[PDB]
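The structure under discussion appears below in the form of structure tokens.
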Amino acid sequence: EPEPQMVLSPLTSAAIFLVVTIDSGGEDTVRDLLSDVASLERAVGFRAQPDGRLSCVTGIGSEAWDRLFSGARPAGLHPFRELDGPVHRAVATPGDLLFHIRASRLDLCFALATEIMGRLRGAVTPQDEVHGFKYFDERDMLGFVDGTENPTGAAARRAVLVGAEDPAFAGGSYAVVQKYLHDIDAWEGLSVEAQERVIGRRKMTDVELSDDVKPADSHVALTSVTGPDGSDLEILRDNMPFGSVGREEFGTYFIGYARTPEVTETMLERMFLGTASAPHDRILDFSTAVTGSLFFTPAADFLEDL
Amino acid sequence: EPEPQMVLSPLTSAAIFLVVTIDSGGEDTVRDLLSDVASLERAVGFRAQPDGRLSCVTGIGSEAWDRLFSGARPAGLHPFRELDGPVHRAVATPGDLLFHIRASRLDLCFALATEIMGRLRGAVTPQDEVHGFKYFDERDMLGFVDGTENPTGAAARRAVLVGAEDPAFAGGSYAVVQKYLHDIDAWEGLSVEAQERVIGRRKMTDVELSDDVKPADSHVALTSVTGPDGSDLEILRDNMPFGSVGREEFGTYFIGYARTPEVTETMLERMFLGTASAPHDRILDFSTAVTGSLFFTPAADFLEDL
Amino acid sequence: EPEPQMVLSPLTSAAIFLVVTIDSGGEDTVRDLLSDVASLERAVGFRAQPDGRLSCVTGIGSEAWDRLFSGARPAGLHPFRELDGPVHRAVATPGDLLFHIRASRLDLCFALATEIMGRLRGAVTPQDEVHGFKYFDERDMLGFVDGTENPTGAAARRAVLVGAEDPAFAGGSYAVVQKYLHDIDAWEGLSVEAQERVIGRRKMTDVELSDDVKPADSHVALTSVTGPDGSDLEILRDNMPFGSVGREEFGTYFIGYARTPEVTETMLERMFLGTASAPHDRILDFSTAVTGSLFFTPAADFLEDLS
Amino acid sequence: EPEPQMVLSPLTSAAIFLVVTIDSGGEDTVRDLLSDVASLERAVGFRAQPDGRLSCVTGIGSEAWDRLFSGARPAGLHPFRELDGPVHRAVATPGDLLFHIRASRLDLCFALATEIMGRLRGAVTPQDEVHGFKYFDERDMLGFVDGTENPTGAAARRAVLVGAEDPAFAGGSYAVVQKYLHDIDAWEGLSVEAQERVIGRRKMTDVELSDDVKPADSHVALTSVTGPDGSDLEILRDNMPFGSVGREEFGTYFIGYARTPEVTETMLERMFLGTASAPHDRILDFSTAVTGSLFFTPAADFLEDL
Amino acid sequence: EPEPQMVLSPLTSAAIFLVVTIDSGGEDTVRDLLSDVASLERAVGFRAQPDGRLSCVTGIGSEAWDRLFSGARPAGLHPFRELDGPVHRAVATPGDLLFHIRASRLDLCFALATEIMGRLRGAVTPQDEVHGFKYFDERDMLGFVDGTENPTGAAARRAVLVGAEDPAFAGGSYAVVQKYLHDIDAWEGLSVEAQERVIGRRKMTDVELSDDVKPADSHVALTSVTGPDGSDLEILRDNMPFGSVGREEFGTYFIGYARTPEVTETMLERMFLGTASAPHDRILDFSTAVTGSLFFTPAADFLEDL
Amino acid sequence: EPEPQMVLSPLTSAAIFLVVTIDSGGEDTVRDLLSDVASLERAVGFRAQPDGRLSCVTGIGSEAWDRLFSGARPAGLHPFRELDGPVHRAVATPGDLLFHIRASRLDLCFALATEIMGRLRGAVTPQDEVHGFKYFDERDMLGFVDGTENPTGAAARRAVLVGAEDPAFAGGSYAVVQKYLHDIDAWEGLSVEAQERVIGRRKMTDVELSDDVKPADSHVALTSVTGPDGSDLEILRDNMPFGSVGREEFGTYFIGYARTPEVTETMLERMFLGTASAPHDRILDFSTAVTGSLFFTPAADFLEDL
Ligand code: HEM
Ligand code: HEM
Ligand code: HEM
Ligand code: HEM
């Protein structure tokens, strides 16, 4: 019955990520923006309804939920954990509102972001405004196909949508965002076989490496987590490449939706802290998480009732 | 006989404007890059040939030409003139190499720019990188359709391509680049009729205003320059919007190609210094020029012979 | 009977509205066509099936229903009410059968209409035939974006499809059709701010005006109807621009699908008769309704299995 | 060289034909419009530049040419000849101005026609306008593929544009406009083989019938005129299906461009009056001409220089 | 609840049919491929996600089911019946594994087939490989529109998906595959009306012939089977044209999905053996069946759990 | 003045290569087909001409020219020269007529080939028929991008169209066709760096290797022929991947157009016989030539005058 936000939509060719902090006394402005965001998205996106698939997902951080709403907090909504392994660390950056805008053209995303920021001209403060674009075969900046094993259909619904465990917030999701900056020089220093061993998949054919050859510290092996029931826990992640050529900045904005934050937290702990058979993820040797945050994206019905 | 660059192409949806300055001792690397920029463009763009429309235009500033080539300089190639008008001024900023990359997708432009700057590591210091996107209705940040009256066909090449006036540099062109930052807050405070009077075109229908009603200080009226023999002086403009909603940065990157810089300089003088019947252009009351430069784009044959 | 006649399909770029009336003795061939309309639509559309998205919706008027079928009538399905306000009027032109054809290309719609009328030749009288096309940003003849606030997903299904209130006719809908001829000269005589105040949304960015500034007599304000339980009533509408510049004729064909006709009747009454705080809709000052009719679009299986 | 109009354009999905008669005293309005038709077309069609492919062609009748322009007349521009055949006839209807608008979507053509008629309010009387649409395989309403043997490339330029025979009007063309109402019942009453014999080509594969079995009175055979020197005489046709289902009106709007009207006049005479081996064209047994006119489409610079 | 193998996917423009026979001792490799086929399809098809629509359907023959799996068998699974009609005979050919690959481009299908065969190298013998391409308007080699009356929506699910009748194998389907070679010259010898009477539909308009004129031995009149309870028995068919001009070979590869094989068996018996009012199907006079097999396509969950 | 036979057309997604041998006494039928091939191509293509891009190129072998035409012969026409290298051989196969059909869909190519072969039924013997498909990323079966360095525009016209050196046959070209079978099993055993060194270009980004480190026996370094006057000899080649997974056949059909066969013969001699610094091309260690022929594709007007 509850209507989830557009989190199950397929990834498009253009996206904008807005991580924004809320200034003191701007709670009412944020409330009315959350009420009107669906109408704003519809108005901006209907001008190109046949093609463009404009979709805005709004999430609220743990530190802002108790300041905006006086009801019951969603279960598991907590500030992003600080993971500091022996070598790499995951830093948590301030963030209260997440606006994830996706469309086939950057113009629609820019217009929607402009409208949203205009409605919040003097009540908030931007933190991590980022534009992201796709490549030829949906590749990332590391040259590998990204998001191949994303759950689809009913599997995605079971993986990312909150069910009867939190009846008051059915249809919501937990989104973990993390901006990484790559080291392209070191990555290009390695051979293609070394890159495949680091990732765990073939670079050209995208065929997953055989289990008897896949290294224990590869990114794919460490992110493959199986729960107590024997089924593999999965999340609907949508990485977006980004960067500026002049500043020699290349990176990836990872966003991951789940029905509970525990799956993403376990994946991050395995990647950073490492398992018994692997000190840490190999992909972290060439990628540093410059920012990280956690948000809760509620159902559209909850947002429309403010 | 000479082969001009891709300066005569339809305005694509995505573009990257790179302006860089050559450091000391980097002339040899710049020459090496210019000797194979066409090959790099072909290699990057052939991967998506039918849908993609990748095209890179390379231009050399007046300062860089003396230190790069020992031959005769192109006629009219001079450092960008700075106009100190009574109210507005056109600032001239350093720049020695311009790469104007255009494609239907931002990924191709980003890959080409990455390859170029990787070839130019250490040799040049980046000065201005702009990622321009084109709206669904190829409108400006002011909401007006841009490039409607661009010359096309034989008129375009007769207006932008150097002919027999400079036989040694036939097929080249002069490109004036200028970055404008718009004051959207003040622009939105004007009625649609006021905006149309400022621009000189109808906002929705894009129909030019009548001669008896068009204001003398409108942008279209001031940029319409008649030649000494009754002909109309024309330039090719590929200005595109750009900006980021995080910093309240909304702007337009203007690039203009001509046979000689005299036409563009006259248009700029009319816009900034004004006319006897108009103190200055009205569009400058809402746009501020923060970067201006002039470059010469030679024929592909000239670049391939280095 | 869960089988709607594709009335939830998104708006396409080309459409044909065909309202006809059946003369005496034509009740037999019309029945034969109604059992073949789906097959004809499939046969015409499958050629362009990858992107043709051809869809035909058939509706039966109040008189035509009890003229053709001898079963129980659907709840409602009254002849279209004629509203005669202090200034504007809503005429109720005769109409028995409505064919709403939608496709990305006009050729598919024209072929389907040609086949339908060839099967119907000699037994119907064409009351109205309108070819509608879509502008750039789904604009209407007034220059505003049309259909922005259309319900989508499960909300549209709950808003247009008949539920358990009429179990015998589940999956159907009630379609109200009207033809408006705009006064383009008067509309262009107004400033853009005046046009936005008349409509209720910004012309450029399609963002609707704030509550404290939106006029009480604007079209959007008057068509925003709140139900007795606080839930706003919604309908699915596909307004198609049409006209010919030779006759200086410009207009919009409005079609509205609802679960019950009462919602559309209330919206029309508020637009024409007006409320206490607004004499009538402002958009009616530049639009004149030349036709008007109400039809019931039954479920696909009901048309296939006549009774 | 003179710049030709948009006559040399490919067949397009949507078209509008607008034939009007200039009222008394409305010469000045038409004259000032003709200098603005190119600007109006550019303004309207630029909004959909990548795919709109909007193009407007303007033609002037003989009486309209006499009333408007006081210069020399083109070699053609005689009032459309009315052929009184033994069975069929080609009526000549009044017409002074022809606007042929072509675009991929009918909205562009409608907007351009609206602009033109608004500029022509109170000065012209619309004789008739036709909204033409293309079927699946560019077919006509008779079920056959239309325009298969149209000239292309330099051959079309030689057979359409006016050359050195009339140097003062180089780049123009002569357009013959006719409106045919088909008898679909009689056409459908014929077998497919009979229809192919009527037309002269196979309906299925669209291949031409072999010359030993093609009937002498077939449409293809009769409109295959051989020049005095043995060179084939050809014209460019852009037939547009049209009709209204409610009125049971089905028909084709034929427009034919030539470098001289005599080619189209000879084709029409062969079709209607017939040859020695054929009383008349067979396709005329199912098509009735209800509107005929002849116009001259001048070069773009001629219209601009007014 | 169980997820099918996307047997309800819309018809695409390119397909590959691969029928192979498992060699002795190759059961383990076949099981591994059946486990990894979903991952292989996801990896190959993700490179072109928006377009392409790559989908692979895997079916196991009756002779191979008892060799690969143990414990239970589908109720309807059995070796394909051979029909020895008075004139036409439907031959049964050895087939153990069926791979039906569909995509908008043949390259994706070829890559998927290459991966599958490489995984199966040394374990299976390729009995048949067919590359089918969609014709002009979904026509077949006979020129008639193919697939017009396929069930869609919930009707297709009720017609092709196994329900509560076989709970252990819910979500599966039964696929009957045949390869017909056409006598194109003899078919073209017939008139268009004769062809329509043989098929039962209009050649151009695809309108079904009236019941008063439709021949009793036409293809449509013979494949229209009414159920015992007055319902209509329906199957999902994807007929793919194929052939080579060098060998003068043209044909259609027919695949039919059903919830039970009884419907397809009844249709084949009516087509070949014929009813009381028709000796056999008329289309069989111009088509010869050179291949026939029956396979069971289980739910994706069953294939994954191996 | 002469019209080229659509040789300069851009590469499409689907192609059909037909090589046939004229039987004794079938010269008249071949002449009739050569006369009617343009009409057949137009008739087949105009159904999908908005985006079909169908184009048929016809070439006549050296032996067939002496039989079909009794006039003068093109200077460069001669039977294909078989090269017997130390380890590799270029076999010459009997081929009299070449039909190279290109279109965005295999449907148009198959229809055109069917019509052509039907007109040639009983007159020619089909020696070879290849259905070539083009990968999603313009790659070949070796995983590298093909045709990156193909000449375009004026350079291509100068390089592939014969001019004043043979005025009687101006507008024609010489096409060399070869059928290659690849050893994918051995090719995949090499590292990506080894594959790049064999080819001579980067596999990922298609960037040509630097002048140093580039092997002297690489394919690119061996097909880069410098003319006597310091210019680079270039040909327009359209390699098409092809094969079947059932027979484990993978290969590339190479077709190369030139203004004279000397350039292609020199390239083949360098690849097979080898230079002083390279025994032979490395790519030949994984590709075997099973077919080789040379044809002369004349101008369209030459074929239309039969
Ligand atoms: C710079 C950071 C990252 C990059 C470039 C990256 C890229 C990739 C790539 C190329 C793959 C293989 C392709 C595919 O499976 O679709 C993959 C797999 C995956 N990654 Fe990431 N990833 C990053 C960070 C993360 C993080 C932070 C998480 C979780 C917290 C994550 C979770 C996963 C999962 C669940 C899979 C699929 C595992 C499987 O298929 O068994 N990734 N990633
Ligand atoms: C006569 C000419 C009409 C025109 C040009 C027109 C056009 C429009 C436009 C531009 C809007 C605002 C944009 C949008 O909501 O998508 C709108 C809103 C709407 N109109 Fe109309 N309309 C017309 C007549 C009608 C009629 C006759 C009805 C009902 C009987 C109706 C019902 C509505 C509704 C329900 C809305 C939604 C407003 C909201 O959800 O806040 N309109 N219409
Ligand atoms: C009145 C209804 C007409 C219809 C339905 C029609 C349609 C056709 C068709 C289907 C063809 C064969 C396919 C093709 O050539 O593309 C054709 C050929 C042709 N028609 Fe028409 N046409 C009509 C009138 C005319 C008129 C009035 C003229 C000239 C005054 C004309 C001139 C030609 C020419 C020149 C050809 C090509 C001849 C050739 O290829 O040798 N047609 N027409
Ligand atoms: C037999 C299998 C062949 C394959 C797979 C193949 C593929 C390639 C590839 C990948 C390239 C580099 C990328 C590109 O130029 O687009 C290339 C270059 C080239 N190849 Fe081939 N080729 C083959 C045979 C031939 C033959 C037989 C010839 C001539 C008789 C030839 C002539 C050329 C030429 C002229 C170039 C351009 C190199 C340059 O301009 O620097 N190739 N080929």
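We name chains A, B, ... following the order of the structure tokens; residues begin at 1 in each chain, and ligands are numbered from 1 as shown.
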Identify, on the basis of only C-alpha atoms, every residue whose closest approach to residue 17 of chain F does not exceed 7 Å; exclude the query and any residue fewer than 3 positions from it along the same chain; express the result as an mmCIF file with N, CA and C atoms, in the first residue's frame.
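Saved file around_33.cif follows:
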data_model
loop_
_atom_site.group_PDB
_atom_site.id
_atom_site.type_symbol
_atom_site.label_atom_id
_atom_site.label_comp_id
_atom_site.auth_asym_id
_atom_site.auth_seq_id
_atom_site.Cartn_x
_atom_site.Cartn_y
_atom_site.Cartn_z
ATOM 1 N N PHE F 99 29.097 -8.693 -54.751
ATOM 2 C CA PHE F 99 28.017 -7.834 -54.281
ATOM 3 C C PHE F 99 28.240 -7.578 -52.798
ATOM 4 N N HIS F 100 28.543 -6.333 -52.453
ATOM 5 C CA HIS F 100 28.753 -5.919 -51.070
ATOM 6 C C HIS F 100 27.556 -5.064 -50.676
ATOM 7 N N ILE F 101 26.670 -5.620 -49.853
ATOM 8 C CA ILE F 101 25.456 -4.934 -49.430
ATOM 9 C C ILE F 101 25.633 -4.504 -47.983
ATOM 10 N N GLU F 129 29.116 -16.735 -49.530
ATOM 11 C CA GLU F 129 28.140 -15.814 -48.964
ATOM 12 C C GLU F 129 28.439 -15.644 -47.484
ATOM 13 N N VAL F 130 28.598 -14.397 -47.049
ATOM 14 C CA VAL F 130 28.958 -14.091 -45.671
ATOM 15 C C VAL F 130 27.996 -13.046 -45.128
ATOM 16 N N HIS F 131 27.410 -13.328 -43.967
ATOM 17 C CA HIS F 131 26.551 -12.385 -43.253
ATOM 18 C C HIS F 131 27.372 -11.799 -42.110
#
- Task: Find the spatial neighbours of residue 303 of chain C, counting only C-alpha atoms, within a cut-off of 9 Å - ignore same-chain residues fewer than 4 positions away - and output them as a VMD selection string.
- Result: chain C and resid 31 34 to 38 58 298 to 299 307
- Message: Neighbours of ligand 1 at 8 Å or closer, counting only C-alpha atoms and all ligand atoms: which residues, as a PyMOL selection string?
- Response: chain A and resi 139-150+176+178-182+199-201+206+219-225+234-237+239+251-254+256+264-268+271+283-284+287-289
- Point out the residue among D:158, D:78, D:282, D:89 with the least atom-to-atom distance to chain F, counting only C-alpha atoms. D:158
Compile a residue-level contact table for chain F against ligand 3 at a cut-off of 10 Å, reporting for every qualifying residue the shortest atom pair and its distance in Å to one decimal, with only C-alpha atoms and all ligand atoms counted, rows ordered by chain and ascending number, as JSON lines.
{"residue": "F:39", "atom": "CA", "partner": "ligand 3", "partner_atom_place_in_ligand_line": "40 (O)", "distance": 9.4}
{"residue": "F:42", "atom": "CA", "partner": "ligand 3", "partner_atom_place_in_ligand_line": "16 (O)", "distance": 9.6}
{"residue": "F:43", "atom": "CA", "partner": "ligand 3", "partner_atom_place_in_ligand_line": "16 (O)", "distance": 8.4}
{"residue": "F:46", "atom": "CA", "partner": "ligand 3", "partner_atom_place_in_ligand_line": "16 (O)", "distance": 8.7}
Could you take the residues named above and write them with N, CA, C and O atoms, as a PDB file, in the first residue's frame?
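File again05.pdb, as written:
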ATOM      1  N   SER F  39      18.223   0.072 -59.788  1.00  0.00           N
ATOM      2  CA  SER F  39      16.781   0.125 -59.580  1.00  0.00           C
ATOM      3  C   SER F  39      16.346  -0.845 -58.490  1.00  0.00           C
ATOM      4  O   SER F  39      15.495  -0.512 -57.658  1.00  0.00           O
ATOM      5  N   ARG F  42      17.329   0.656 -55.110  1.00  0.00           N
ATOM      6  CA  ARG F  42      16.432   1.740 -54.725  1.00  0.00           C
ATOM      7  C   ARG F  42      15.075   1.206 -54.285  1.00  0.00           C
ATOM      8  O   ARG F  42      14.525   1.649 -53.270  1.00  0.00           O
ATOM      9  N   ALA F  43      14.526   0.245 -55.032  1.00  0.00           N
ATOM     10  CA  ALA F  43      13.215  -0.300 -54.696  1.00  0.00           C
ATOM     11  C   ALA F  43      13.234  -0.998 -53.344  1.00  0.00           C
ATOM     12  O   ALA F  43      12.298  -0.854 -52.550  1.00  0.00           O
ATOM     13  N   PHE F  46      14.005   1.950 -50.405  1.00  0.00           N
ATOM     14  CA  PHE F  46      13.140   3.095 -50.142  1.00  0.00           C
ATOM     15  C   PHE F  46      12.064   2.810 -49.101  1.00  0.00           C
ATOM     16  O   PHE F  46      11.458   3.758 -48.593  1.00  0.00           O
TER      17      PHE F  46
END
- Using only C-alpha atoms, find which residues of chain A lie within 9 Å of chain F and jot them down as a VMD selection string. chain A and resid 136 to 137 143 191 to 193 204
- Would you kindly return, as a list in words, each protein, DNA or RNA residue with an atom no farther than 12 Å from any atom of residue 71 of chain C, considering only C-alpha atoms and excluding same-chain residues fewer than 6 positions away? residues 65, 168, 169, 302, 306 and 307 of chain C
- Message: Nearest residue to chain C out of A:183, A:166, A:115, A:128, using only C-alpha atoms?
- Response: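 Going through A:183, A:166, A:115, A:128 one by one, the smallest distance to chain C is for A:115.
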Write out as a tab-separated table (two decimals) with N, CA, C and O atoms, in the first residue's frame every residue belonging to chain C that has an atom at most 9 Å from any atom of chain A, counting only C-alpha atoms.
chain	number	residue	atom	x	y	z
C	10	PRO	N	0.05	6.03	-21.31
C	10	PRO	CA	0.55	7.40	-21.32
C	10	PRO	C	0.18	8.12	-22.61
C	10	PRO	O	-0.05	7.50	-23.65
C	11	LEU	N	0.11	9.45	-22.51
C	11	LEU	CA	-0.25	10.26	-23.67
C	11	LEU	C	0.79	10.12	-24.77
C	11	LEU	O	2.00	10.13	-24.51
C	12	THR	N	0.32	9.98	-26.01
C	12	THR	CA	1.18	9.84	-27.17
C	12	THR	C	1.23	11.15	-27.95
C	12	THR	O	0.65	12.17	-27.55
C	136	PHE	N	5.82	20.81	-28.27
C	136	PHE	CA	7.20	20.53	-27.89
C	136	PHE	C	7.30	19.92	-26.50
C	136	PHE	O	7.68	18.75	-26.36
C	137	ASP	N	6.98	20.69	-25.47
C	137	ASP	CA	6.98	20.19	-24.09
C	137	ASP	C	5.57	19.82	-23.65
C	137	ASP	O	5.10	20.25	-22.60
C	138	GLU	N	4.89	19.01	-24.46
C	138	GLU	CA	3.50	18.62	-24.21
C	138	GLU	C	2.61	19.84	-24.00
C	138	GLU	O	1.64	19.81	-23.24
C	139	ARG	N	2.94	20.94	-24.67
C	139	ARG	CA	2.20	22.18	-24.53
C	139	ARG	C	0.82	22.06	-25.17
C	139	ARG	O	0.58	21.24	-26.06
C	145	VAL	N	2.15	23.87	-20.14
C	145	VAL	CA	2.31	22.42	-20.10
C	145	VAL	C	1.01	21.79	-19.63
C	145	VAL	O	0.43	22.20	-18.61
C	146	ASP	N	0.53	20.79	-20.37
C	146	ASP	CA	-0.76	20.17	-20.12
C	146	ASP	C	-0.56	18.75	-19.61
C	146	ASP	O	0.19	17.97	-20.21
C	147	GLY	N	-1.24	18.41	-18.52
C	147	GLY	CA	-1.19	17.08	-17.97
C	147	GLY	C	-0.11	16.84	-16.93
C	147	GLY	O	0.20	15.68	-16.65
C	148	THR	N	0.46	17.90	-16.36
C	148	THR	CA	1.53	17.72	-15.38
C	148	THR	C	1.03	16.99	-14.14
C	148	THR	O	1.70	16.08	-13.63
C	149	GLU	N	-0.15	17.35	-13.64
C	149	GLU	CA	-0.68	16.80	-12.40
C	149	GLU	C	-1.53	15.55	-12.62
C	149	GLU	O	-2.37	15.23	-11.78
C	154	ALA	N	-0.62	3.38	-9.07
C	154	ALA	CA	-1.80	2.86	-8.39
C	154	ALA	C	-2.83	3.95	-8.13
C	154	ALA	O	-4.03	3.66	-8.08
C	205	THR	N	8.54	27.60	-16.30
C	205	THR	CA	9.08	26.46	-15.57
C	205	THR	C	8.02	25.47	-15.13
C	205	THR	O	8.36	24.47	-14.49
C	206	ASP	N	6.74	25.71	-15.44
C	206	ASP	CA	5.62	24.84	-15.12
C	206	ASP	C	5.39	24.67	-13.63
C	206	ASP	O	4.55	23.86	-13.22
C	207	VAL	N	6.11	25.42	-12.79
C	207	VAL	CA	5.92	25.33	-11.35
C	207	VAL	C	4.67	26.12	-10.97
C	207	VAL	O	4.53	27.29	-11.35
C	208	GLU	N	3.77	25.48	-10.24
C	208	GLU	CA	2.51	26.13	-9.89
C	208	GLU	C	2.74	27.23	-8.87
C	208	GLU	O	3.69	27.20	-8.08
- Item | Within 6 Å of residue 251 of chain C using only C-alpha atoms, minus same-chain residues under 3 positions, as a ChimeraX atom specification | /C:180-182,241-243
- Query: Per DSSP on the backbone, what are the helix (DSSP H, G or I) residues of segment 108-216 of chain E, as number ranges by chain?
  - Reply: E: 108-119, 154-160, 167-169, 184-189, 192-199
- Message: Using only C-alpha atoms and all ligand atoms, which residues have at least one atom no more than 7 Å from ligand 2? Output them as a PyMOL selection string.
- Response: chain C and resi 140-142+144-150+180+199+201+219-221+223-224+234-235+239+252+254+264-265+267-268+283-284+287
- Message: Rounded to one decimal, what separation in Å do you get between atom CA of residue 9 of chain C and atom CA of residue 101 of chain C?
- Response: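 Between atom CA of residue 9 of chain C and atom CA of residue 101 of chain C the gap works out to 11.2 Å.
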- Please return as an NGL selection string: the residues of segment 113-228 of chain B that backbone DSSP assigns to strand (DSSP E or B). :B and (124-133 or 139 or 145 or 173-182 or 201 or 208 or 225-226)
Write out, as an mmCIF file, in the first residue's frame, the residues just selected, with C-alpha atoms.
data_model
loop_
_atom_site.group_PDB
_atom_site.id
_atom_site.type_symbol
_atom_site.label_atom_id
_atom_site.label_comp_id
_atom_site.auth_asym_id
_atom_site.auth_seq_id
_atom_site.Cartn_x
_atom_site.Cartn_y
_atom_site.Cartn_z
ATOM 1 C CA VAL B 124 50.918 23.046 -19.138
ATOM 2 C CA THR B 125 49.208 24.564 -16.111
ATOM 3 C CA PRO B 126 45.394 24.340 -16.271
ATOM 4 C CA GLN B 127 43.654 27.714 -16.271
ATOM 5 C CA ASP B 128 39.942 27.159 -16.975
ATOM 6 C CA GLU B 129 37.995 23.910 -17.378
ATOM 7 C CA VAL B 130 34.270 24.264 -18.091
ATOM 8 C CA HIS B 131 31.761 21.438 -18.585
ATOM 9 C CA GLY B 132 28.889 22.855 -20.633
ATOM 10 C CA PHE B 133 25.515 21.159 -21.008
ATOM 11 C CA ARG B 139 17.983 27.723 -24.140
ATOM 12 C CA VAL B 145 16.819 30.240 -27.276
ATOM 13 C CA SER B 173 39.665 30.851 -37.923
ATOM 14 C CA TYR B 174 39.830 33.218 -34.959
ATOM 15 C CA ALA B 175 37.961 32.128 -31.830
ATOM 16 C CA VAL B 176 37.058 34.517 -29.011
ATOM 17 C CA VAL B 177 36.146 32.824 -25.723
ATOM 18 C CA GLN B 178 34.481 34.565 -22.792
ATOM 19 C CA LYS B 179 32.971 33.246 -19.562
ATOM 20 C CA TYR B 180 29.931 35.104 -18.209
ATOM 21 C CA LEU B 181 28.401 34.657 -14.754
ATOM 22 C CA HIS B 182 24.695 35.478 -14.731
ATOM 23 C CA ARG B 201 13.521 38.272 -29.124
ATOM 24 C CA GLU B 208 12.429 38.555 -33.471
ATOM 25 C CA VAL B 225 26.708 44.913 -37.175
ATOM 26 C CA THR B 226 26.468 46.003 -40.812
#
- Message: Residues within 12 Å of residue 295 of chain D, please, as an MDAnalysis selection string. Count only C-alpha atoms; anything in the same chain fewer than 6 positions from it doesn't count.
- Response: chainID D and resid 19:20 57:65 74 76:80 94:100 172:178 255:258 260:261
- Note on the structure: Of F:91, F:34, F:273, F:233, the one sitting nearest ligand 4 when using only C-alpha atoms and all ligand atoms is F:233
- Have a look at B:292, B:71, B:228, B:151 and name the one nearest to residue 169 of chain B; count only C-alpha atoms.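 Checking each candidate against residue 169 of chain B, we get B:71 as the closest.
Nearest-residue note for ligand 4: choosing from F:184, F:56, F:22, F:112, the minimum distance belongs to F:184, counting only C-alpha atoms and all ligand atoms.
The interatomic distance for the pair atom CA of residue 84 of chain A and atom CA of residue 187 of chain A works out to 22.9 Å.
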